[PDB]
Amino acid sequence: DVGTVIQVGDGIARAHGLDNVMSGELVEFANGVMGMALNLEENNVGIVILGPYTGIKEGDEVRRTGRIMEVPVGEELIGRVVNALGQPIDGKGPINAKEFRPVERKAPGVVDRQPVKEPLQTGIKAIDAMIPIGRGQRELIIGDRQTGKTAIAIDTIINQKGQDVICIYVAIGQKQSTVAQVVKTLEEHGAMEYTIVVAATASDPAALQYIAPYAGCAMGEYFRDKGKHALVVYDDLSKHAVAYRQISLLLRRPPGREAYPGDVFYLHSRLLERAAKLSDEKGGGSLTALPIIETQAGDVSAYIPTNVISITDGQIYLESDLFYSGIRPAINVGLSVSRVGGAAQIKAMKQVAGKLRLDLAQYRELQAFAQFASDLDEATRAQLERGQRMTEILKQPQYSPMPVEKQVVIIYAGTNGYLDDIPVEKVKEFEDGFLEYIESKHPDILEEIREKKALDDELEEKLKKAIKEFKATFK
Amino acid sequence: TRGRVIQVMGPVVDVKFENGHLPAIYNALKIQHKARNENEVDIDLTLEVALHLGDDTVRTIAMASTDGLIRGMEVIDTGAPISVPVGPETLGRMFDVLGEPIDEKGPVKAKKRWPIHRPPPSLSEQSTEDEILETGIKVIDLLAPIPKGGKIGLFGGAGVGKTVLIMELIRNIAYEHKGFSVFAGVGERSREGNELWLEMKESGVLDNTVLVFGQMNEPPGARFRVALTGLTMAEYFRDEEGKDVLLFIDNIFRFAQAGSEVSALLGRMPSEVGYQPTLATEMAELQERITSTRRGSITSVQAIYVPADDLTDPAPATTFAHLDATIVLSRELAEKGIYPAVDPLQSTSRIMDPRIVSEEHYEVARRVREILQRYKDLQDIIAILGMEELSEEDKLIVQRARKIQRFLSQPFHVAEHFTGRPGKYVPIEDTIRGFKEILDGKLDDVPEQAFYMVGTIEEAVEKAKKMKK
Amino acid sequence: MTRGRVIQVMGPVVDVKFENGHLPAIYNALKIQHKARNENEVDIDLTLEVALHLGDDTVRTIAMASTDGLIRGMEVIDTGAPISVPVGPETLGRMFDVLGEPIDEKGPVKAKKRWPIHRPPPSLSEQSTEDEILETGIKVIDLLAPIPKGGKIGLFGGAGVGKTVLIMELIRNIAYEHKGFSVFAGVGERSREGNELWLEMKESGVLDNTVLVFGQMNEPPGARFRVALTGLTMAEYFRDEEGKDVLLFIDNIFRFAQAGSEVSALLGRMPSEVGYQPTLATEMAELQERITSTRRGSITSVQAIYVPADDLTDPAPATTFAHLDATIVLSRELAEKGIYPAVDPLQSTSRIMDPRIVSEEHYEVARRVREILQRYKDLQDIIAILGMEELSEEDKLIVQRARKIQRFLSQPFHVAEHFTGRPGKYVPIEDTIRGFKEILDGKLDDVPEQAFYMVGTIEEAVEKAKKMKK
Amino acid sequence: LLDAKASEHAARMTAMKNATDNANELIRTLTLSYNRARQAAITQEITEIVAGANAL
Ligand SMILES: Nc1ncnc2c1ncn2[C@@H]1O[C@H](COP(=O)(O)OP(=O)(O)OP(=O)(O)O)[C@@H](O)[C@H]1O
Ligand SMILES: Nc1ncnc2c1ncn2[C@@H]1O[C@H](COP(=O)(O)OP(=O)(O)OP(=O)(O)O)[C@@H](O)[C@H]1O
Ligand SMILES: Nc1ncnc2c1ncn2[C@@H]1O[C@H](COP(=O)(O)OP(=O)(O)O)[C@@H](O)[C@H]1O
Ligand SMILES: [Mg+2]
Ligand SMILES: [Mg+2]
Ligand SMILES: [Mg+2]
């Protein structure tokens with residue numbers, strides 16, 4: 001169970017001895033720092049260091065712990081900020097968790113699963129109506145830097161207060177000032193009462209940046225095995241991939257496409273397949289996932305992006321030209337899809353917008369044609385007018401989510417065509433004015449839709465009678 | 001005469017056989033270990049031989065995770081390759097890479113087992129009869145007819161419609177065919193496999209089907225050998241029983257990718273775009289076995305993933321020489337909401353010969369490609385010169401090409417959640433009849449928005465009346 | 001024995017063997033002091049930094065000065081700690097090398113306290129979260145990319161686009177309102193500019209409140225790599241042991257990454273991407289996490305980043321974007337058109353551009369400016385062929401206002417008086433917001449587009465138009 | 001009208017001449033950029049190949 005260090009450099013070490021070490025085991029240096037054995041050659045063990053390595057010298061002793069990589073889990077982690085390992089980083093004392101679980105685990109099998117049929121409400125009009133997310137689904141947020149990727153993930157976590165959901169935020173490669181600002185934003189909105197924050201900052205050893213998403217996954221699956229729903233966010237998987245390239249090149253493993261290793265697809269596949277909706281036999285639990293990716297110059301075609309887009313159950317693309325031109329949130333409807341879309345919605349939302357993505361694609365195409373055609377037949381004029389109104393109804397400012405019962409009432413009025421006379425600039429004022437009138441005059445419709453979760457014929461007459469009272473004030 | 005583990009390098013493992021009695025290439029090895037003390041872990045693993053080294057040593061690829069492996073353990077040589085159960089007792093079951101059941105229905109009691117590596121048929125015993133196989137899909141039934149007993153390839157990038165097209169073909173061809181069906185989910189999502197299994201259980205189609213999985217979360221060793229396990233089961237129905245069979249495969253690119261992932265660790269020099277020096281050889285040993293012999297036929301539908309919408313990447317480029325029909329899915333049509341998004345210029349098959357198809361089928365298909373090829377070059381000009389500067393023949397071609405391109409769209413039965421429509425089937429005579437009226441200019445008056453997600457051409461006129469025109 | 005022997009020399013890199021069990025730690029500073037014993041030898045005083053433990057009592061070390069003249073078998077001393085630099089108020093008004101030795105010729109510095117160059121950053125509990133605008137008087141920065149007090153500002157650009165002219169103008173404005181200790185680190189740049197700056201500081205009297213460290217283009221890779229850290233260890237003492245606010249100016253953060261790449265190739269490490277080191281993001285983060293504000297006091301830093309070609313996708317420019325609170329990108333097209341500073345209004349952004357931090361009037365004007373500039377970049381590819389004769393109504397009016405807006409972002413700097421006879425100008429935030437608001441509203445649609453070139457305030461455009469009479 | 005139609009055809013002739021010249025200039029500048037990209041891709045690809053072969 002004992003060895004001696006032979007090489008030390010850049011957070012990587014080589015040891016002699018350690019005959020009984022297992023692939024993936026934990027090892028301790030004389031300094032008290034931990035390391036993980038990732039290579040087992042005929043004469044030398046290759047060790048990845050899990051902390052500061054400037055105190056480890058050649059000829060120092062290394063000892064076998066006798067345990068695989070393990071992290072502590074429980075409900076007591078809620079409202080706490082923690083390291084990639086089982087250690088607190090906030091000024092709030094010890095964690096006192098009840099049990100420990102391995103960092104590497106196999107995903108649920110084909111028969112252990114169930115189809116996704118219940119929503120994960122984001123409170124964002126474009127995502128809930130066009131790109132719906134269900135509990136157990138894996139959804140990707142993608143774009144270049146400074147496009148709103150973090151804002152969509154945090155707005156989603158803030159919208160989980162009413163529901164019986166636990167959220168996990170994993171920060172990989174992020175700057176410490178941003179982690180403190182995220183934690184304080186979560187505290188102002190009260191989200192810290194039902195969330196966990198796992199952080200491995202940029203100045204942290206690459207080895208800890210690797211383990212951060214897997215440890216965040218091990219903490220999420222604990223709630224899922226009991227029967228409770230859980231959500232996990234990964235702030236940058238592109239920074240996790242960049243981190244993975246360093247130890248593999250320092251351990252001298254051969255490169256591949258770009259300079260990344262051959263195991264790059266397997267890295268993110270091992271992680272993202274643990275997110276599932278389990279069957280009634282397993283307790284019906286659900287682990288949802290929201291990975292994030294940064295792509296240079298806003299190009300979809302690259303090694304790390306295409307690997308992850310090929311693993312998830314959909315994706316949300318954010319475009320900087322949409323952002324600089326007034327479209328917020330800056331989501332491109334043509335490149336964004338949900339592989340579970342339609343089943344992950346309440347019946348009222350399917351009845352109201354089951355065909356919105358296809359219709360909003362006819363208009364997106366017609367924009368490129370109409371600007372050079374200079375001819376507009378009546379059927380094209382009618383679609384340009386409706387498409388403009390729907391693109392305005394989908395705009396939404398920060399930190400102001402829409403409950404589903406309000407989202408199905410405005411989209412019902414827009415898709416039925418009641419907004420025909422209302423001028424384009426006026427639509428914004430009509431939406432805000434009409435939604436405030438619903439919460440005043442006969443609020444029965446708003447409450448009845450919330451309980452039933454379906455639009456019937458009574459709720460259609462009740463609503464068609466209401467939409468005509470406000471329009472009677474116009475020209 | 002046993003062996004010992006010497007090096008553990010992620011998926012690759014090295015084993016030394018001291019007696020000199022080394023295992024042959026592709027043989028299967030077993031590691032079964034009981035923990036001696038509290039520090040160790042119990043292990044159950046299979047590894048296949050890949051290469052013979054010099055000092056009584058062999059390189060092997062593991063079929064499951066190598067965590068917990070210790071140098072100096074004991075390895076048993078089975079004496080043969082990975083042997084999978086074969087016969088009628090495999091029908092209505094689900095399998096792993098090793099041919100073990102992944103469902104909870106109990107053991108399989110099949111009297112025979114066959115190795116996943118077998119020599120392909122010889123030139124002297126192949127067959128090549130030609131007939132039209134109907135799909136009920138407007139694009140495929142007209143522009144790229146499926147040859148019965150032939151290989152079909154669906155090419156596309158991420159999220160263009162490949163799996164939604166495979167699923168519609170299984171719910172059309174297999175639902176209109178007597179004989180066995182086989183499906184292999186090569187390196188795909190384990191959520192999609194579950195939904196497919198439930199659809200089969202409901203419909204009753206499992207009784208005539210076999211399923212093999214070994215999904216995305218499995219190591220590289222399992223992700224490349226899964227296609228061979230599904231193939232050794234479809235071969236028994238052709239060679240021993242004589243029945244015709246369908247073989248459906250999603251993501252054959254994961255088989256090529258998984259071979260590249262393990263190639264560097266074995267010690268092979270790299271090749272173009274970061275692929276193994278044996279790409280064409282490895283895809284040929286898979287594709288050359290899925291053929292129609294004198295005894296029976298294997299019709300095959302395969303989905304191919306194009307890494308960045310670039311057909312010139314080594315894996316998609318190596319695949320094109322083996323197909324009998326090729327269908328290319330383009331994101332350009334998907335972004336416009338035109339589904340299934342089949343490219344009407346790049347799509348072709350071995351059956352588009354004037355001697356095989358009807359006269360009007362051949363004429364309508366060639367006229368569709370010419371009008372769309374003319375429109376393709378002309379639409380680019382319109383963006384800089386403007387539509388007012390072009391001639392009347394060009395304006396007529398633009399107006400008709402827009403309607404043709406939209407009438408190629410159809411609502412699938414498996415797409416109800418994504419389309420908000422029930423789904424429809426169109427027979428070959430209606431596909432030919434419908435496209436002819438558009439080409440001849442009969443419906444020049446109908447608006448271009450009356451062809452999205454429709455079925456038969458009669459519906460477009462009814463839909464235009466509902467649109468008050 | 002605390003001493004070692006030289007076993008190999010390979011340009012900047014050297015290998016030293018020690019006695020069994022008595023080896024120096026990673027980052028320890030070693031000394032070679034040799035006096036020639038025969039006419040064939042040469043005399044050397046040199047220092048090296050440990051980088052790797054290589055096995056067999058051997059260690060690999062980078063050198064801080066030229067290795068020409070080293071012989072295998074020379075004796076090496078172990079200091080027992082990293083490169084330690086003198087620190088305190090006595091460093092004010094002085095200039096130094098990478099080793100903390102003075103290059104001023106004013107004599108020694110009182111060695112009261114010495115700090116090692118390698119130390120950890122402030123933890124999450126120690127950091128401070130507050131945002132306020134630091135005003136610089138430059139129109140494009142104050143409107144589209146406002147500076148966060150206590151944060152990091154990055155100026156990206158290619159060869160000859162104006163990064164040094166922009167930093168010199170920033171020192172003449174921010175360091176004249178900050179009213180606290182200032183620090184300048186010259187990393188891999190011209191020694192002629194360093195000399196001009198030092199002389200200007202003396203005539204202005206500003207030297208009494210500043211510290212200067214230099215590592216120039218002629219220095220070996222080991223020195224170009226450690227100079228940014230020497231300037232930072234001195235700037236850090238003032239915000240931690242005195243509690244004062246500090247300014248840190250770094251003229252090239254790109255030469256720090258480039259020097260790491262050059263020495264990495266010689267250490268025996270496998271390459272990555274465009275031949276860079278397999279430790280690029282970790283080496284840059286260790287430097288940039290230390291450049292942060294805490295509850296005691298704040299560090300505000302201005303950095304100029306070189307781009308290898310007119311390509312921002314290069315590994316070094318690409319990794320630094322994640323660490324900045326404000327980012328300013330300089331484009332060659334604006335510089336060749338004569339628009340200075342050549343800041344791109346669509347690529348430049350700041351973390352302070354949120355409705356909560358800036359005034360409502362500022363937020364509307366800044367967002368309305370980027371919409372017109374993005375719309376004109378969409379028309380740009382078609383007008384390159386057909387021209388503006390085909391355009392009608394709003395698209396034509398949008399280019400008419402976009403021309404005026406693009407020119408009103410140009411400003412005559414005080415440091416530029418040596419290139420053009422025009423006097424420099426400082427523009428307050430209330431004047432930039434009012435001027436752009438009137439240009440956007442259309443109150444100045446009658447004035448010609450040539451009347452907004454190199455001006456300060458909107459009233460100057462009115463008199464410049466009146467001078468022309470057109 | 002005679003002068004107006006003649007001047008219209010003269011104006012369009014000059015407009016089309018300039019449009020064609022602007023497009024021909026854009027084609028050579030793009031062609032040179034494509035040749036730089038072509039050569040850059042080949043040297044990068046060959047160096048990734050040789051680095052991998054040297055490592056193995
Ligand atoms: N809907 C919106 N309306 C207005 N501003 C928005 C909106 N969404 C995001 N923003 C703003 O744009 C910026 C987005 O920062 P965010 O972190 O979300 O982007 P990012 O892609 O993750 O960038 P980074 O890589 O730096 O983290 C912030 O200033 C944010 O407040
Ligand atoms: N026939 C269709 N009708 C409507 N929408 C469709 C149709 N076909 C595909 N889509 C949409 O496009 C998405 C494509 O998902 P799909 O599973 O088919 O991806 P894919 O091409 O198979 O990619 P991958 O192989 O990686 O899974 C669907 O989830 C759906 O949103
Ligand atoms: N405000 C300005 N007015 C006029 N010329 C300028 C201005 N800013 C930059 N330049 C010119 O552009 C170049 C900028 O030099 P410098 O700032 O040293 O370039 P670099 O970006 O490489 O550091 C010089 O030729 C200088 O004269
Ligand atoms: Mg962000
Ligand atoms: Mg698929
Ligand atoms: Mg300079």
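As deposited, the entry is annotated with cryo-EM as its determination method and 2.58 Å as its resolution.

A. Examining the interface of chain D and chain B more closely. Each partner contributes residues to the interface: chain D has 5 residues there, and chain B has 6 residues. Contact between chain D and chain B buries roughly 490 Å² in total, counting both sides, with carbon and sulfur atoms accounting for 73%. For the pair chain D and chain B, the number of links is 0 salt bridges. Among the residues forming the side of chain D that touches chain B, the class breakdown is 3 nonpolar, 1 polar and 1 charged.

B. Structural context of the pairing of strand β13 (residues 182-189) of chain C. Residue and element names in this part refer to chain C. Most of β13 sits out of view: 8 of its 8 residues are buried. Note: β13 against strand β14 (residues 210-216), 7 bridges, orientation parallel. Opposite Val183, over in β14, you have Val211 as the bridge partner. In this region the chain leaves β13, passes through helix α3 (residues 191-204) and returns to the parallel neighbour β14; the handedness of that crossover is right-handed. Note that β13 and strand β15 (residues 246-250) share 4 bridges and pair parallel. Looking across to β15, one finds that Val183 is bridged to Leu248.

C. Representation of the coordination of the magnesium ion (ligand 6) within the structure. Residues and elements named next belong to chain C. Here the magnesium ion (ligand 6) is held by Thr164 (OG1), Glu189 (OE) and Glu189 (OE), and the distances to it run 1.9 to 2.6 Å. Within this pair, whereas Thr164 is found in helix α2 (residues 163-171), its partner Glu189 is found in strand β13, the two being separated by 25 residues in sequence. You can call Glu189 buried: its relative accessible area is 12%.

D. Fine view of the packing of helix α4 (residues 206-226) of chain A against helix α5 (residues 237-250) of chain A. Residue and element names in this part refer to chain A. At a minimum axis distance of 9 Å, the contact between α4 and α5 shows a crossing angle of 135°. Judged on the interaxial angle alone, α5 and α4 are oblique. Crossing handedness for the pair α4 and α5: left-handed. Taken together, the residues of α5 that come into contact with α4 (itself represented by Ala206, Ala207, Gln209, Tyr210, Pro213 and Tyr214) are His240, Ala243, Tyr244, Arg245, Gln246, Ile247 and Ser248. Taken together, the residues of the contact of α4 with α5 break down into 8 nonpolar, 4 polar and 1 charged.

E. Structural view of the packing of aromatic side chains. Counted by the stated rule, this structure contains 21 aromatic pairs over all chains. Of note, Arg270 of chain A hangs over the ring of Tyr266 of chain A, and the distance from its end group to the ring centre comes to 4.8 Å. When the ring centre of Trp115 of chain C is taken as reference, the NZ or CZ atom of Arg119 of chain C above it lies at 4.0 Å.

F. Fine view of the interface of chain A and chain B. Contact residues are listed per partner, giving 63 residues for chain A and 65 residues for chain B. Buried area between chain A and chain B, both sides added, is near 5900 Å², and the carbon and sulfur share of it is 53%. Taken together, the links from chain A to chain B amount to 5 salt bridges. One salt bridge in this structure joins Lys336 of chain B and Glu365 of chain A, with 3.9 Å as the shortest N-O distance. On inspection of chain A and its partner chain B, the count reaches 20 residue pairs in polar contact. Mapped onto the side of chain A that touches chain B, the elements with two or more residues apiece are β4 (34-40), β5 (44-49), β6 (61-68), α6 (264-272), α7 (303-311), α10 (356-373) and α11 (378-393) of chain A.

Conventions and cut-offs
Residues numbered from 1 in each chain as written, not as in the entry; some residues may be left out. Chains lettered and ligands numbered in written order. Part of a larger assembly, values for the part shown. Heavy atoms only, no water. Contact = heavy atoms within 4.5 Å. Buried area = accessible area lost by both parts, 1.4 Å probe. Salt bridge = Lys/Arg side-chain N within 4 Å of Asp/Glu carboxyl O. Nonpolar A, V, L, I, M, F, W, Y, C, P; charged D, E, K, R; others polar. Buried < 20%, exposed > 50% of the residue type's maximum accessible area, 1.4 Å probe, protein only. Helix = DSSP H or I, 4+ residues; strand = E, 2+ residues; numbered from the N terminus. Pairing = 2+ DSSP bridges. Right-handed = clockwise from strand over helix to strand, strands pointing away. Donors = N, O, S within 2.8 Å, 3.2 Å for Na, K, Ca; no water. Axes fitted to C-alpha atoms, helices over the stretch in contact; angles between N-to-C directions. Parallel < 35°, antiparallel > 145°, perpendicular 65-115°, else oblique. Left-handed = near helix turned anticlockwise from the far one by under 90°. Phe/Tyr/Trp six-rings, centres within 6.5 Å; stacked < 30°, edge-to-face > 60°. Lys NZ or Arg CZ within 6 Å of the ring centre and 35° of its normal. Polar contact = N/O pair within 3.5 Å; in protein donor to acceptor, adjacent residues only side chain to side chain.

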